[PDB]
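[1] Experimental structure and sequence below.
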Amino acid sequence: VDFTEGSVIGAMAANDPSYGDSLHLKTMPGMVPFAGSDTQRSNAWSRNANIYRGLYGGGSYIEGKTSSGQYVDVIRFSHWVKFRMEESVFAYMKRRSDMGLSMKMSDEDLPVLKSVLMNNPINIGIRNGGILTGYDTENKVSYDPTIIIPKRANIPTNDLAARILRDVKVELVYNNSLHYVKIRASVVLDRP
Amino acid sequence: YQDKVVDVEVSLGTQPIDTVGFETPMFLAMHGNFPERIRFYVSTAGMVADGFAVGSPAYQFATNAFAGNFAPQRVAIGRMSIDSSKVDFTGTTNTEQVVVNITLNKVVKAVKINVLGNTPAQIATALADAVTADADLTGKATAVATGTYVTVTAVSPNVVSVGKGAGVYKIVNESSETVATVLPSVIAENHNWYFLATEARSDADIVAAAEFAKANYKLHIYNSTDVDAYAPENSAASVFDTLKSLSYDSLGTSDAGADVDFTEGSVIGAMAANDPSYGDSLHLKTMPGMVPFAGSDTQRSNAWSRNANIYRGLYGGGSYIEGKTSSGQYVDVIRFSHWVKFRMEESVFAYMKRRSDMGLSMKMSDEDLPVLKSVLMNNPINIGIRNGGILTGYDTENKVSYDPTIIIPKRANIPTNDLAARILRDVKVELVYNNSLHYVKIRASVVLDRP
Amino acid sequence: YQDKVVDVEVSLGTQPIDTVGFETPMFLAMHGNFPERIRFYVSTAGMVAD
Amino acid sequence: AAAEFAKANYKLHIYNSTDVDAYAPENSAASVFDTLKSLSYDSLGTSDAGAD
Amino acid sequence: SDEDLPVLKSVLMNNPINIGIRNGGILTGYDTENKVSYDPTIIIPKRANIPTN
Amino acid sequence: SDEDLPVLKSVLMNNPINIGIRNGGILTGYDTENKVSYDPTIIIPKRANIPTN
């Protein structure tokens, strides 16, 4: 009747993927709160059919799940990172090549790619909170992004002849937003 | 491509949120004055407008509730279908003008009977004759005398309300419904009340009310004239014993006028306007409208054994004794627990929603989870501490700490599947309630010298 | 599946417990003044009433 | 329609109504006010007798 | 706001309380020997202490 | 609570004890030579010392 599809888009369209902001509780002007019993709300959730439910008077979305089960924001972030690594690397190569001085496959020049990737996608994600970072002192786990680039001596000779580098690897830790909370309280009269 | 030289986003994180209020009581009366199931009133003058007869059960409850020191801002009245009103003189003795107030279609009249020594049957017959001989009641109401009581019925669609005047007697109303079958509709229509009181006086009506009140986070209050309330220690026959055996949480008291004045309102009027954050017990608060308990020492112990609270006179004045539910715990503890539960839930949800309305949603990282600590420390816990409800401080001598403690896990400790589902579980909190003082004992001594 | 955005449990560890008291004596007299088997008094004026 | 247009184009909508249902019991959910609240639109409304 | 809530103190200090004090209805003054204070006191919270809701 | 129980000390010090001292019924003062104290003493336990029941 109203094609509320627009309402769903209107809540996340202008929010850049770098934030990783889920659709959990964002209000959706134009949509009517779901009316149904408890059983229906579980039946719909079982099929990943998202539901707009009213809470504390107001109307709030419930969750963003695709048909495959993964949250929408993860998919959006993956597309964003893929495209803006591709574009960044290609643009850097072209801009160097337009001044002579082309990129050269030597130990003294390959590490430059690390700065380029650390700039643009990864740093933008970190500053906006999309990508987790930091080191835990107690559990001794590291969350910082890591980039691996081989040295010239490790590249097979035929790859040097064809001028093709393959084995670049990267790792990221996405920052999951919070959806549900459970609390345990207690009341006591004294303490040993 | 872009279409604006300058673009500005604006997001408002000021969304209000619905909240629960622990003030407004309810009284579930029998009548047909209004069609809906609940009505709210701010004074008895409003009730008299709708056609409630002066001295009627609802009017008595409202007056007692409003007369208190901490009277609630406004009270709510239920509705059950009325069938007939029963006026009982059984076991009573009268010597002066007996007066009964009858209100019909917003018309007020007072029936007067001149009692000489007349037996109850004579008074009942005279009242029936007087009612039947009234010009404005023929064809609208009917009264039939029998035994020691007179039954009054309204000819539909007329509305009749009966209330007390001078004299010794009681009003009993029948109904084609029952509290158990009526309560769900009332709560369905409007859920803005916390104290539940009922006009139905007999046993099962109280048991069902207590069960429903416990199920839906409401506090049940009732009074009873059962002489068995203070029977010997082995009676195990009054309503109080049955409620205690079931471990239900209801507040009960033994009073003589509970079937005449419905003093339930008086009990509510002493704590209704006092916020739960104070944890102020009902021990010594005076209760206008209640008559001090009259009985021997044995009866005062028998009643206390069953958790049937007693209103006792002391040093001339009248003071309540203690607030104990049927389960043995003090009422203020229950009220405080409900308050803290609801205003932690609301606070956390409101914070999450307000953050989520500006993007920047809450994220499960070590640099953002501790924020929950500030939110909980604000609102419930700090409000409790400032008002004295929650104990705080550190003892230097015994080296015990009384401050509230909050525990929140780090990201590395959360299981991976919980991260995938985005669900945090193991938050824990501890509080030390501040017990008020009920009894004191002192040892004095007189000496002539000291080594 | 879960049905609440926030859920809170509250438990009360303030349950009182019955206790014995080593004060009140008993005197087992012979009479028929009252029907029950025991009566408590706080003064002789109460006894004279019965 | 006026409320939707006002929200779309950064205008503030103001209206009055004599609907007796505006203050019906808590479960009426039949007046214009209920419909507007359900849609989360931003309009200012008031109940008055002379609005018509 | 913290810069405007304290105004309520002046309003209450005027009208009821001051009228009572001047007419003798309300006690006031400080005792030097026993060090007890009889003056009226008014408490108003700051903005930071009010719960967000 | 530890911050409110000591109030009982002021109440008892007022009314009976102080009235007795002022009227001479109750002895008071400290002897410098024999080092004996005659002042009334009041003892009140702290919360931590009260049994839980």
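    On my side now, so go ahead. Numbering: from 1, shown residues only, chains lettered A, B, ... in the order given.
[2] how close does residue A:40 sit to chain F?
    According to CB to the nearest CB, to the nearest Å, residue A:40 and chain F sit 49 Å apart. Every C-beta, even on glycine, is put in place using the N, C-alpha and C of the backbone.
[3] for that residue, what are its contacts?
    Residues in contact with residue A:40 (CB atoms under 8 Å, 6 or more residues apart in numbering or on different chains): none are found.
[4] Next: the one 4 residues further on.
    Residues in contact with residue A:44 (CB under 8 Å, 6+ apart) are A:36, A:50-51.
[5] Residue A:84 too?
    Residues in contact with residue A:84, defined by CB under 8 Å, 6+ apart, are A:120-121.
[6] let's see it at 6 Å
    Applying CB atoms under 6 Å, 6 or more residues apart in numbering or on different chains, we find residue A:84 in contact with residue A:121.
[7] Repeat that for residue A:152.
    By CB under 6 Å, 6+ apart, the residues touching residue A:152 are residue A:107.
[8] Kindly report the same for residue A:168.
    residue A:149.
[9] C-terminal to the lengthiest helix in chain A, which secondary structure element comes first?
    When chain A is parsed with DSSP state H, its longest helix is helix A:72-97. Next helix or strand after helix A:72-97 toward the C-terminus (DSSP states H and E): helix A:112-117.
[10] how close does residue A:44 get to residue A:62?
    9 Å (CB to CB, to the nearest Å).
[11] wait, residue A:136
    Residue A:136 sits 32 Å away from residue A:62, taking CB to CB as the criterion.
[12] ok, those two, which is more surrounded?
    When residue A:136 and residue A:62 are compared for neighbours, residue A:62 comes out ahead with 19 against 14, by other CB atoms under 10 Å in any protein chain shown.
[13] tell me the contacts of that one?
    Per CB under 6 Å, 6+ apart, neighbours of residue A:62: A:51, A:53.
[14] That one and chain D, how far apart?
    Noted for residue A:62: a distance of 15 Å to chain D, by CB to the nearest CB.
[15] How many neighbouring residues does residue A:164 have?
    By the measure other CB under 10 Å, the count of residues near residue A:164 is 11.
[16] what do you get for residue A:20?
    With neighbours defined by other CB under 10 Å, the count for residue A:20 comes to 26.
[17] what's the answer for residue A:192, then?
    4.
[18] what helix or strand does it sit in?
    Assigned by DSSP H and E, residue A:192 belongs to neither a helix nor a strand.
[19] Backbone dihedrals for the residue lying closest to residue A:178 once chain neighbours are set aside, please?
    Nearest non-adjacent residue to residue A:178, counting by CB to CB, 6 or more residues apart in numbering or on different chains: residue B:362, 4.4 Å away. Here is the backbone geometry of residue B:362 (degrees, to the nearest 10): phi -60, psi 140.
[20] Any figure for the gap between residue A:57 and chain E?
    Going from residue A:57 to chain E by CB to the nearest CB gives 13 Å.
[21] didn't residue A:52 look like it was pressed against residue A:31?
    Yes. The pair residue A:52 and residue A:31 passes the contact test of CB atoms under 6 Å, sitting 5.1 Å apart.
[22] Quick check: the residue of chain A nearest chain F.
    The minimum distance from chain A to chain F, using CB to the nearest CB, falls at residue A:190 (5.3 Å).
[23] Count the residues that sit near that residue.
    Using other CB under 10 Å, residue A:190 is surrounded by 15 other residues.
[24] Identify the residue nearest the geometric centre of chain A.
    residue A:77 (3.8 Å; CA atoms, centre = their mean).
[25] That one reaches residue A:18, doesn't it?
    No. In this structure, residue A:77 is not within contact of residue A:18 by CB under 6 Å, at 8.0 Å.
[26] contacts for stretch A:173-183?
    Contacts of stretch A:173-183 (CB under 6 Å, 6+ apart): A:20, A:22, A:24, A:132, A:143, B:361-365, B:419, B:422-425, B:427, C:2, C:6-8.
[27] before we move on, what about stretch A:66-82?
    Contacts made with stretch A:66-82 from outside it, assessed by CB under 6 Å, 6+ apart, are listed as A:17, A:20, A:22, A:48, A:64, A:121.
[28] Out of those residues, which comes closest to chain C?
    Closest to chain C, out of all of these and judged by CB to the nearest CB, is residue A:48, at 12.0 Å.
[29] Report how many residues lie close to that closest one.
    14.
[30] is it true that it touches residue A:65?
    Yes. Counting by CB under 6 Å, residue A:48 touches residue A:65, with 4.6 Å between them.
[31] Return the distance of the residue of chain A found nearest chain E relative to chain D.
    With CB to the nearest CB, the shortest gap between chain A and chain E falls at residue A:56, namely 11.0 Å. Counting by CB to the nearest CB, the separation of residue A:56 from chain D is 13 Å.
[32] I'd like to know how many residues surround that residue.
    17.
[33] And for residue A:129?
    The number of residues near residue A:129, taken as other CB under 10 Å, comes to 21.
[34] now swap in residue A:186 and tell me
    Residue A:186 has 14 nearby residues by other CB under 10 Å.
[35] got it, and residue A:86?
    Each residue near residue A:86 was counted by other CB under 10 Å, and the total is 11.
[36] Please apply the same query to residue A:70.
    For residue A:70, using other CB under 10 Å, the count is 14.
[37] ok, now residue A:21?
    For residue A:21, the count of nearby residues is 26 (other CB under 10 Å).
[38] Next up, the contacts around it.
    Neighbouring residues of residue A:21 by CB under 6 Å, 6+ apart: A:15, B:359, B:361.
[39] Recalculate using a threshold of 7 Å.
    A:15, A:73, A:177, B:359-361 (CB atoms under 7 Å, 6 or more residues apart in numbering or on different chains).
[40] what does residue A:129 give?
    Residue A:129 is in contact with A:19, A:175, B:363, counting by CB under 7 Å, 6+ apart.
[41] What of residue A:30?
    Counted by CB under 7 Å, 6+ apart, residue A:30 has contacts A:2, A:4, A:7, D:39.
[42] Repeat the analysis, applying 8 Å as the threshold.
    Here residue A:30 is in contact with A:2, A:4, A:6-7, D:39-40 (criterion: CB under 8 Å, 6+ apart).
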